Amino acid sequence: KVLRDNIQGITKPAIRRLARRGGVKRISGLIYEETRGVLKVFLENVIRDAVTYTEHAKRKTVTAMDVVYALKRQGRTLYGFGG
Amino acid sequence: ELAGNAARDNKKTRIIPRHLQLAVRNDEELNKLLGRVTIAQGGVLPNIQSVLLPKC
Amino acid sequence: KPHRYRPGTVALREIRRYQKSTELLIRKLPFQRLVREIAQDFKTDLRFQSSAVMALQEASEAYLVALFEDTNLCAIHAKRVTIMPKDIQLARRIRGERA
DNA sequence: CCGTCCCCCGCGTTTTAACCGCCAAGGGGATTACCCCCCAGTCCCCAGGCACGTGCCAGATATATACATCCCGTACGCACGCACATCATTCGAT
DNA sequence: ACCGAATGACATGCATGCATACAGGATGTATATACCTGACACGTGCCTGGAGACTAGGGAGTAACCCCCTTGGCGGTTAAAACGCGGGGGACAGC
């Protein structure tokens, strides 16, 4: 019973954990809907850059480098996976 | 081109920076490109929040 | 007996006036005399090219306005209308300019 | 400040679906080998661009006036409570 | 049960509170008006950097191989998820 828009695969308890790590005390019931929006915005961009390099470099494999770079453009460098 | 429309739509035929900011802030596709800059002598967009209006 | 506008309505006139025009706002002469004072201890006897004393003015004022605009949501977001000092401390905090 | 109420939350079932572990294949990253066509580099030549003046232009900048807008008082409506008379009901004799 | 007289009830007048549309009043704003001119848009050299032609040799695009690591699949447990609910305290509204 998994055949659906997988955005709901980011389950509500998973959302709750993050807010705890973020120091959120009480989470409203509606936050569970808007967050699946924000994360849908964010990955819409970072993958948009990520494919472009790969499509450029004749590579059919999006690689770890071609996402460290794409994160670098947004001004959020990601230490650890390369460089 | 977009600036030229606005100045003519303010009856002035010569582009001046106040006529030039309106063509970038009001054009949604460009606003994401000049999101950081601050055009000199530029003025700002006319905008008052709804809560700011008087009671009536 | 003399006519008086109600409180607040004179402000809204300006909000539609100053947002329309595009001249500078801070008085010119003191604002330069601030930049010499603040810059005095970075280096001795500095001479600002007078083209580049305004160049701060059209670059710091487009930053304060980018601030007062941004607290105005927060003071709105707190069910209020007036901005208060507690508002700015938030406003600069989300951006990351104080913390 | 009063106080309201609901709506998240703990906490408890129970469904499941990530989790791993392993298996299998080859797409496909990565690398070597070739080579040519392609960009750097020189020489030469030249008009495209910048500097300098120029005026004119309309472009701006100021006037004065018509008009629009806000606000208070106003009166006017109006439904109100208060208050009444009158419609109505009751106590007594009929 | 009606007359008779008194009286609570039924209907209203009265007076007011309140709402409110508005007009007056003032203010401010927008208009169309004059005057003015720094400051635009060519104009005109005048020159050096863009253009033409030339060679020269890496550097990129080819083919050709490989292998590795991604994706596929496939049974098992068990952890986390989905679901209910009980109730309180955090939002919310109002003064």
message: Return the equivalent ellipsoid semi-axes of the protein assembly as shown as a descending list in whole Å, where each equals the square root of 5 times an eigenvalue of the C-alpha gyration tensor.
response: 41, 28, 23
message: Counting only other chains, and only Cβ atoms inside 10 Å, what mean value do you get across the residues of B:32-44?
response: 3
field: Dipole axis of region C:3-99 (+1 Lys, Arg; -1 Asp, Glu on Cβ), positive-most option in C:10, C:91, C:30
entry: C:10
message: Cut-off under 22 Å on the C-alpha distance; same-chain residues fewer than 8 positions from residue A:12 excluded. Which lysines are left, in chain and number order?
response: A:1, A:25, A:40
Label-to-label distance, nm, for residues given as residue A:39 and residue A:71 (7 Å Cα→Cβ offset): 1.6 nm
statement: Mean Cβ-within-10 Å packing, highest first, puts peptides C:46-56, B:34-44 in the order B:34-44, C:46-56
message: On the Cα set of chain C, report Rg and Dmax in Å, please.
response: 18.0, 60
statement: Within 10 Å of the Cβ of an average residue in C:13-21, the count of other chain Cβ atoms is 2
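Quick reminder, even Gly has a Cβ in these numbers, built from the backbone with ideal geometry, and neighbours come from all protein chains shown. Just so you know, all these numbers are worked out from the coordinates, no wet-lab data involved.
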